[PDB]
Each structure stands twice: as structure tokens, then as C-alpha cells.
Amino acid sequence: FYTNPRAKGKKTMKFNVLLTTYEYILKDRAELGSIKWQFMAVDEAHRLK
DNA sequence: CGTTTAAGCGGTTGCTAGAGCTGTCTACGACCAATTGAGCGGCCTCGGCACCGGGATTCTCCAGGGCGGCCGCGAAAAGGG
């Protein structure tokens, strides 16, 4: 995730696109909600109906 | 300890049960008065068990009649002087 993971400060990102599923969104919402996302793409949006 | 499997969580999709609210009404139960008949106590009487007097029935005992054994006793046959 982090370009500088050993630093104690605000760590910048290293990746560009993160592919995930719904289960790990509901499992790791605390570790993924504190990221300033620029774009979001949700496949099979009828699950979000 | 290795492996499988089913619990846990999230999700669909419609209908129905049930809680809550508002409204109406009707049968049902509280209430009261008059009444009376079912419950509690006593009083009287019979069914059955028991007590007492009287009469019929069977078992035990005392006395009479007959028979056996003794007690010397006494008439009689045989021996002796």
C-alpha cells in the first residue's frame, strides 16, 4: 500500500488501482475508508440495488 | 492433526401474521330485590348383631347280679391195740 510503510507519519500510497470484492469491503471498511480515493468503479451494480 | 463441512453473514422476493390505532355495537356480566330450597343440626326408627331364657341331645358314674377263691370244719374211710 505505502511507498514509505516504515514511517510513522502520513504514508503516501504506492498503488494506482486496487481490485477487491464486496466481502473484503464489508470486512475491511476501517482500513479502506481512510483513503482519499480519486475514482471508484463498482461492477454488477444491481447488487447495490 | 488433516480434512471436510456446515455455521455465520449478507441478499432476494413476495405474502401473511401480528402489533398498534380508531370506531361501532351488542351480547354478557355486575348489581339489586324477592324468593325459596339446599345445607346443617337434631329427632325418630329399622337392620343387623348380640344377650338371655327355654327346650332337645349325648356323655359319665354308681349300684346290682353272678362267679371264683379261701377257711378251717366236719363227716367218713382205713389203720392200730
# chains A, B, ... in the order shown; residues from 1 in each chain; ligands from 1

$ select_by_dssp --residues "chain A" --states "alpha helix (DSSP H)" --output "VMD selection string"
chain A and resid 22 to 27 29 to 32

$ write_last_selection --atoms "N, CA and C atoms" --output "PDB file, in the first residue's frame"
ATOM      1  N   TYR A  22     -16.814  -7.441  -2.589  1.00  0.00           N
ATOM      2  CA  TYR A  22     -17.737  -6.877  -1.607  1.00  0.00           C
ATOM      3  C   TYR A  22     -17.444  -7.386  -0.202  1.00  0.00           C
ATOM      4  N   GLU A  23     -17.004  -8.646  -0.097  1.00  0.00           N
ATOM      5  CA  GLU A  23     -16.782  -9.276   1.201  1.00  0.00           C
ATOM      6  C   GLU A  23     -15.645  -8.606   1.961  1.00  0.00           C
ATOM      7  N   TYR A  24     -14.572  -8.244   1.265  1.00  0.00           N
ATOM      8  CA  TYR A  24     -13.473  -7.544   1.912  1.00  0.00           C
ATOM      9  C   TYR A  24     -13.725  -6.050   2.052  1.00  0.00           C
ATOM     10  N   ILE A  25     -14.715  -5.504   1.343  1.00  0.00           N
ATOM     11  CA  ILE A  25     -15.201  -4.167   1.670  1.00  0.00           C
ATOM     12  C   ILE A  25     -15.921  -4.185   3.012  1.00  0.00           C
ATOM     13  N   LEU A  26     -16.816  -5.158   3.206  1.00  0.00           N
ATOM     14  CA  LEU A  26     -17.528  -5.248   4.479  1.00  0.00           C
ATOM     15  C   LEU A  26     -16.629  -5.748   5.603  1.00  0.00           C
ATOM     16  N   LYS A  27     -15.528  -6.421   5.268  1.00  0.00           N
ATOM     17  CA  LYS A  27     -14.612  -6.908   6.293  1.00  0.00           C
ATOM     18  C   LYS A  27     -13.570  -5.860   6.662  1.00  0.00           C
ATOM     19  N   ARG A  29     -13.617  -2.314   6.002  1.00  0.00           N
ATOM     20  CA  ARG A  29     -14.055  -0.948   5.736  1.00  0.00           C
ATOM     21  C   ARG A  29     -13.273   0.068   6.560  1.00  0.00           C
ATOM     22  N   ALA A  30     -12.750  -0.340   7.720  1.00  0.00           N
ATOM     23  CA  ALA A  30     -11.997   0.585   8.562  1.00  0.00           C
ATOM     24  C   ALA A  30     -10.634   0.904   7.961  1.00  0.00           C
ATOM     25  N   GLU A  31      -9.994  -0.079   7.333  1.00  0.00           N
ATOM     26  CA  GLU A  31      -8.685   0.121   6.729  1.00  0.00           C
ATOM     27  C   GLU A  31      -8.756   0.631   5.296  1.00  0.00           C
ATOM     28  N   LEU A  32      -9.947   0.699   4.700  1.00  0.00           N
ATOM     29  CA  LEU A  32     -10.093   1.200   3.342  1.00  0.00           C
ATOM     30  C   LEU A  32     -10.888   2.492   3.244  1.00  0.00           C
TER      31      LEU A  32
END

$ interface_residues --of "chain B" --to "chain A" --cutoff "12 Å" --atoms "only C-alpha atoms (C1' of nucleotides)" --output "ChimeraX atom specification"
/B:9-12

$ decode --residues "range 6-42 of chain B" --atoms "N, CA, C and O atoms (P, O5', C5', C4', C3', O3' and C1' of nucleotides)" --output "compact mmCIF listing (two decimals), in the first residue's frame"
# COMPACT_ATOMS: atom_id res chain seq x y z
P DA B 6 -22.75 -30.77 6.38
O5' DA B 6 -23.48 -29.93 7.53
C5' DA B 6 -22.86 -29.79 8.79
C4' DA B 6 -22.59 -28.33 9.10
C3' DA B 6 -23.76 -27.38 8.82
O3' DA B 6 -23.95 -26.53 9.94
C1' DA B 6 -21.80 -26.53 7.89
P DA B 7 -25.40 -25.96 10.30
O5' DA B 7 -25.08 -24.76 11.29
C5' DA B 7 -24.06 -24.91 12.28
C4' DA B 7 -23.25 -23.63 12.43
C3' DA B 7 -24.07 -22.35 12.48
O3' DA B 7 -23.58 -21.52 13.52
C1' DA B 7 -22.46 -22.22 10.74
P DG B 8 -24.43 -20.25 14.00
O5' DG B 8 -23.78 -19.04 13.19
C5' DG B 8 -22.37 -18.86 13.19
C4' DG B 8 -21.98 -17.68 12.33
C3' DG B 8 -23.05 -16.59 12.22
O3' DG B 8 -22.47 -15.32 12.46
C1' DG B 8 -22.32 -17.27 10.06
P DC B 9 -23.40 -14.03 12.68
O5' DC B 9 -23.32 -13.27 11.29
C5' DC B 9 -22.05 -12.95 10.73
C4' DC B 9 -22.19 -12.50 9.29
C3' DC B 9 -23.37 -11.57 9.02
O3' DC B 9 -22.90 -10.29 8.61
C1' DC B 9 -23.17 -13.27 7.35
P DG B 10 -23.93 -9.08 8.40
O5' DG B 10 -24.26 -9.13 6.83
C5' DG B 10 -23.20 -9.16 5.89
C4' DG B 10 -23.72 -9.33 4.48
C3' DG B 10 -25.01 -8.57 4.15
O3' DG B 10 -24.88 -7.93 2.90
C1' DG B 10 -25.23 -10.82 3.55
P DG B 11 -26.02 -6.94 2.36
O5' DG B 11 -26.98 -7.88 1.49
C5' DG B 11 -26.42 -8.72 0.49
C4' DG B 11 -27.49 -9.36 -0.38
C3' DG B 11 -28.87 -8.67 -0.36
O3' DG B 11 -29.29 -8.41 -1.70
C1' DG B 11 -29.08 -11.00 -0.07
P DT B 12 -30.67 -7.65 -2.02
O5' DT B 12 -31.63 -8.83 -2.54
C5' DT B 12 -31.26 -9.57 -3.70
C4' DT B 12 -32.37 -10.52 -4.15
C3' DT B 12 -33.78 -9.92 -4.20
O3' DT B 12 -34.43 -10.40 -5.35
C1' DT B 12 -33.79 -11.87 -2.90
P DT B 13 -35.24 -9.39 -6.30
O5' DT B 13 -36.73 -9.96 -6.25
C5' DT B 13 -36.96 -11.34 -5.97
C4' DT B 13 -38.35 -11.54 -5.39
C3' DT B 13 -39.07 -10.25 -4.99
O3' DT B 13 -40.42 -10.30 -5.39
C1' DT B 13 -38.99 -11.72 -3.16
P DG B 14 -41.24 -8.95 -5.68
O5' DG B 14 -42.72 -9.32 -5.23
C5' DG B 14 -43.31 -10.52 -5.68
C4' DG B 14 -43.82 -11.35 -4.52
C3' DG B 14 -44.90 -10.67 -3.69
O3' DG B 14 -46.18 -11.13 -4.10
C1' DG B 14 -43.31 -11.90 -2.35
P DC B 15 -47.51 -10.43 -3.54
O5' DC B 15 -47.91 -11.31 -2.28
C5' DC B 15 -47.91 -12.73 -2.37
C4' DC B 15 -48.04 -13.35 -1.00
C3' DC B 15 -49.20 -12.82 -0.17
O3' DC B 15 -50.02 -13.89 0.27
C1' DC B 15 -47.17 -12.75 1.08
P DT B 16 -51.42 -13.61 1.00
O5' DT B 16 -51.08 -13.83 2.55
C5' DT B 16 -50.40 -15.00 2.95
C4' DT B 16 -49.93 -14.90 4.39
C3' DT B 16 -50.98 -14.40 5.38
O3' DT B 16 -50.93 -15.19 6.56
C1' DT B 16 -49.02 -13.16 5.60
P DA B 17 -52.16 -15.23 7.60
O5' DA B 17 -51.46 -14.93 9.01
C5' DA B 17 -50.31 -15.68 9.39
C4' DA B 17 -49.58 -15.03 10.56
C3' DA B 17 -50.47 -14.52 11.68
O3' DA B 17 -49.88 -14.84 12.93
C1' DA B 17 -49.16 -12.73 10.80
P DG B 18 -50.69 -14.61 14.29
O5' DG B 18 -50.19 -13.18 14.78
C5' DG B 18 -48.80 -12.94 14.95
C4' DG B 18 -48.54 -11.48 15.24
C3' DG B 18 -49.57 -10.81 16.16
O3' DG B 18 -48.91 -10.04 17.14
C1' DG B 18 -49.26 -9.54 14.22
P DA B 19 -49.59 -9.74 18.55
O5' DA B 19 -49.17 -8.23 18.86
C5' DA B 19 -47.80 -7.85 18.77
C4' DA B 19 -47.67 -6.38 18.43
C3' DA B 19 -48.58 -5.45 19.23
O3' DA B 19 -47.82 -4.38 19.78
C1' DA B 19 -48.87 -5.08 16.89
P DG B 20 -48.46 -3.45 20.93
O5' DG B 20 -49.08 -2.23 20.12
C5' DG B 20 -48.26 -1.46 19.25
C4' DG B 20 -49.09 -0.47 18.46
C3' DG B 20 -50.24 0.18 19.24
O3' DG B 20 -50.07 1.59 19.27
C1' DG B 20 -50.94 -0.55 17.08
P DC B 21 -51.03 2.50 20.19
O5' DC B 21 -52.16 2.99 19.17
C5' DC B 21 -51.81 3.72 18.01
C4' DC B 21 -53.03 4.03 17.17
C3' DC B 21 -54.26 4.48 17.96
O3' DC B 21 -54.65 5.79 17.56
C1' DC B 21 -54.83 2.82 16.34
P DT B 22 -55.79 6.58 18.35
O5' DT B 22 -57.12 6.28 17.51
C5' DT B 22 -57.15 6.60 16.12
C4' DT B 22 -58.49 6.22 15.52
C3' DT B 22 -59.71 6.52 16.39
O3' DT B 22 -60.66 7.26 15.65
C1' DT B 22 -59.77 4.27 15.62
P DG B 23 -61.99 7.82 16.35
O5' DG B 23 -63.09 6.72 16.00
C5' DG B 23 -63.30 6.34 14.64
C4' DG B 23 -64.40 5.31 14.52
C3' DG B 23 -65.52 5.42 15.56
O3' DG B 23 -66.78 5.30 14.91
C1' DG B 23 -64.66 3.22 15.53
P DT B 24 -68.13 5.77 15.64
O5' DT B 24 -68.99 4.43 15.72
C5' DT B 24 -69.22 3.67 14.54
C4' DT B 24 -69.86 2.33 14.84
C3' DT B 24 -70.93 2.33 15.94
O3' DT B 24 -71.99 1.49 15.54
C1' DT B 24 -69.27 0.74 16.46
P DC B 25 -73.49 1.78 16.01
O5' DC B 25 -74.03 0.34 16.41
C5' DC B 25 -73.47 -0.82 15.80
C4' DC B 25 -73.36 -1.97 16.79
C3' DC B 25 -74.42 -1.98 17.90
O3' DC B 25 -74.86 -3.30 18.12
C1' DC B 25 -72.28 -2.10 18.84
P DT B 26 -76.25 -3.80 17.51
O5' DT B 26 -76.23 -5.37 17.82
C5' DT B 26 -75.00 -6.09 17.71
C4' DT B 26 -74.67 -6.79 19.02
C3' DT B 26 -75.85 -7.02 19.96
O3' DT B 26 -75.77 -8.32 20.51
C1' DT B 26 -74.13 -5.96 21.11
P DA B 27 -77.04 -9.29 20.49
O5' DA B 27 -76.55 -10.57 21.31
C5' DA B 27 -75.31 -11.18 20.99
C4' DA B 27 -74.35 -11.15 22.18
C3' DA B 27 -74.80 -11.92 23.42
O3' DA B 27 -73.68 -12.57 23.99
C1' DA B 27 -74.35 -9.69 24.00
P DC B 28 -73.86 -13.87 24.92
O5' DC B 28 -72.80 -13.62 26.09
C5' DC B 28 -71.83 -12.58 25.94
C4' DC B 28 -71.47 -11.96 27.28
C3' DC B 28 -72.00 -12.71 28.50
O3' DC B 28 -71.05 -12.63 29.55
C1' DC B 28 -72.78 -10.52 28.57
P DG B 29 -70.89 -13.84 30.60
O5' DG B 29 -70.55 -13.09 31.97
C5' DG B 29 -69.50 -12.14 32.02
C4' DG B 29 -69.88 -10.95 32.89
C3' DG B 29 -70.40 -11.32 34.29
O3' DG B 29 -69.80 -10.46 35.27
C1' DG B 29 -71.92 -9.89 33.22
P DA B 30 -69.77 -10.88 36.83
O5' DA B 30 -70.03 -9.50 37.59
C5' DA B 30 -69.25 -8.34 37.27
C4' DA B 30 -69.97 -7.06 37.69
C3' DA B 30 -70.53 -7.05 39.11
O3' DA B 30 -70.33 -5.78 39.71
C1' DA B 30 -72.28 -6.70 37.54
P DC B 31 -70.57 -5.58 41.29
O5' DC B 31 -72.12 -5.19 41.40
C5' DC B 31 -72.64 -4.10 40.64
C4' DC B 31 -74.10 -3.85 40.96
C3' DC B 31 -74.55 -4.29 42.35
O3' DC B 31 -75.33 -3.27 42.94
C1' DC B 31 -75.97 -5.24 40.72
P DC B 32 -75.61 -3.25 44.52
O5' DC B 32 -77.19 -3.45 44.61
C5' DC B 32 -78.05 -2.63 43.83
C4' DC B 32 -79.48 -3.14 43.87
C3' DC B 32 -79.93 -3.75 45.20
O3' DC B 32 -81.24 -3.29 45.51
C1' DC B 32 -80.31 -5.28 43.45
P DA B 33 -81.78 -3.34 47.02
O5' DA B 33 -83.14 -4.17 46.90
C5' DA B 33 -84.16 -3.72 46.01
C4' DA B 33 -85.15 -4.84 45.70
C3' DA B 33 -85.62 -5.64 46.92
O3' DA B 33 -87.03 -5.79 46.87
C1' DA B 33 -84.76 -7.10 45.27
P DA B 34 -87.85 -6.28 48.16
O5' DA B 34 -88.39 -7.72 47.72
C5' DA B 34 -89.12 -7.86 46.51
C4' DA B 34 -89.38 -9.33 46.19
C3' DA B 34 -89.82 -10.19 47.36
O3' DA B 34 -90.90 -11.03 46.95
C1' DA B 34 -87.88 -11.12 46.35
P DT B 35 -91.56 -12.10 47.94
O5' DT B 35 -90.79 -13.45 47.58
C5' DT B 35 -90.55 -13.77 46.21
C4' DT B 35 -89.85 -15.12 46.08
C3' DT B 35 -90.16 -16.12 47.19
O3' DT B 35 -90.36 -17.39 46.61
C1' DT B 35 -87.84 -15.87 46.98
P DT B 36 -91.40 -18.42 47.25
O5' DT B 36 -90.72 -19.83 46.95
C5' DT B 36 -89.76 -19.93 45.91
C4' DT B 36 -88.51 -20.62 46.40
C3' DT B 36 -88.75 -21.73 47.43
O3' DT B 36 -88.04 -22.90 47.05
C1' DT B 36 -87.06 -20.28 48.16
P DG B 37 -88.83 -24.13 46.39
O5' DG B 37 -87.68 -25.20 46.10
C5' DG B 37 -86.49 -24.79 45.42
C4' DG B 37 -85.24 -25.07 46.25
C3' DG B 37 -85.19 -26.44 46.94
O3' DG B 37 -83.86 -26.93 46.87
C1' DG B 37 -84.83 -24.77 48.51
P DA B 38 -83.58 -28.47 46.52
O5' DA B 38 -82.01 -28.64 46.81
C5' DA B 38 -81.08 -27.75 46.21
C4' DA B 38 -80.06 -27.23 47.22
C3' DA B 38 -79.26 -28.30 47.97
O3' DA B 38 -77.93 -27.85 48.14
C1' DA B 38 -80.43 -26.95 49.52
P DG B 39 -76.71 -28.89 48.16
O5' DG B 39 -75.92 -28.51 49.50
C5' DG B 39 -76.62 -28.50 50.73
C4' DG B 39 -75.97 -27.55 51.72
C3' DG B 39 -75.23 -28.24 52.84
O3' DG B 39 -74.38 -27.30 53.50
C1' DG B 39 -77.26 -27.40 53.66
P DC B 40 -73.07 -27.80 54.28
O5' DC B 40 -73.34 -27.38 55.80
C5' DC B 40 -74.17 -28.20 56.61
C4' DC B 40 -74.50 -27.51 57.92
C3' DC B 40 -74.20 -28.35 59.15
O3' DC B 40 -74.12 -27.51 60.29
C1' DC B 40 -76.53 -28.22 58.86
P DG B 41 -73.09 -27.85 61.48
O5' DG B 41 -74.03 -28.03 62.76
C5' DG B 41 -74.92 -29.13 62.84
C4' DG B 41 -76.16 -28.76 63.65
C3' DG B 41 -76.49 -29.72 64.78
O3' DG B 41 -77.21 -29.04 65.79
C1' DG B 41 -78.18 -29.86 63.15
P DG B 42 -76.91 -29.32 67.34
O5' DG B 42 -78.28 -29.93 67.90
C5' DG B 42 -78.68 -31.24 67.50
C4' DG B 42 -80.20 -31.34 67.44
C3' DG B 42 -80.78 -32.55 68.16
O3' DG B 42 -82.08 -32.26 68.65
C1' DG B 42 -81.26 -32.71 65.87
